[PDB]
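We place every Cβ from the backbone using ideal geometry, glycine too, and count neighbours over all the protein chains shown. Please treat every number below as a calculation from the coordinates, not as lab data.
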Amino acid sequence: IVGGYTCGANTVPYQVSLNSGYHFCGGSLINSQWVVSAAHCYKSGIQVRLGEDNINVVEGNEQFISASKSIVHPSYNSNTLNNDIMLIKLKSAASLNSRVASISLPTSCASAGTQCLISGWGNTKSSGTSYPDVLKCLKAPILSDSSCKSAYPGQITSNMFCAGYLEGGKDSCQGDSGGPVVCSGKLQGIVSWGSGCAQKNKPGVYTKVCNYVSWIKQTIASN
Ligand SMILES: N=C(N)c1ccsc1
Ligand SMILES: [Ca+2]
């Protein structure tokens, strides 16, 4: 997260870290047994880390649970990142508490201009590299479809939306992928891609979760 702020320990209790020997992506807890992340975060041997603040220090509220299965969206296209969504099932149910909690799925899509909370442990610099250890947060509005498509001609589908600031300076970044965009208490986005980070006229691009609620609910119910 570039241009954000330190969330505070466990203030984003649905935020998870995906670990394969190291943190590589975020995710969002949607019930005690299931996490939703980006398809481009897929790999085998994922451990889901819940209750994290400093990802390099055991602080006492963590739960570490291996994934038992991953389900990449049937229409995911790794070339274009269309349908950049996956589900991860936990081998054992998380113990839900005030610091490990699920986030509700949308009942409808969110409007342009709605303010959202974007979070993660990704790079905090728009030129260069610095990774923060504690969770970072950014408040940012959903941008109009036309400004999104103007920023990325030929690359935006109906399964993507943009959020952030066209002036630059505030954005998600590498290492945030798979993590949450929460608006009005609902998981509306997944950190997906962008051009650089926090650059002018290049806002972040997010998977549009509201298009996937039926797929999520049916897939979980059958797996
Ligand atoms: N929002 C961005 N610039 C981004 C997201 C994943 S990698 C870069
Ligand atoms: Ca920790």
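Points worth noting:
- Only a single criterion out of (1) under 15 Å from the mean Cα position of the chain (by Cα); (2) on the phi < 0 side of the Ramachandran plot is not satisfied by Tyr131, namely (1).
- Whenever a residue of segment 105-117 is farther than 17 Å from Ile190 by Cβ, its partners that are in a loop (DSSP other than H, G, I, E, B), lying with C-beta atoms within less than 6 angstrom and at least six residues away or across chains, give the pairs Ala112/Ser144.
- Flag if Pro153 is buried (at least 16 other Cβ atoms within 10 Å of the Cβ) and not aliphatic (A, V, I, L, M): no
- Residues within segment 52-71 that are touching a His at 6+ places or on another chain (Cβ under 9 Å) and away from ligand 2 (no atom under 16 Å from the Cβ), tallied: 0
- Residue in segment 32-53 that is over 22 Å from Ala140 (Cβ atoms), within 16 Å of ligand 1 (Cβ to nearest atom) and without any contact (Cβ under 8 Å) to a residue 60 or more places away in the chain present: yes
The rows are residues; the columns are (1) crowded, with 23+ Cβ neighbours inside 10 Å; (2) more than 8 Å from ligand 1 (Cβ to nearest atom).
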| position | (1), (2) |
| --- | --- |
| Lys170 | no, yes |
| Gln174 | no, no |
| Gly178 | yes, yes |
| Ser184 | no, yes |
| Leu187 | yes, yes |
| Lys202 | no, no |
| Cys210 | no, yes |
| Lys217 | no, yes |
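- Taking the criterion of being under 19 Å from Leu187 (Cα atoms) and surrounded by fewer than 20 Cβ atoms within 10 Å (Cβ to Cβ), the only residue of segment 83-95 that qualifies is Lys89.
- In segment 77-88 there is no residue that is of a type in the set (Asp, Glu) and farther than 17 Å from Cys25 by Cα.
- Segment 22-31, subset of a type outside the set (S, T, N, Q) and surrounded by fewer than 19 Cβ atoms within 10 Å (Cβ to Cβ), residue farthest from ligand 1 (Cβ to nearest atom): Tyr22
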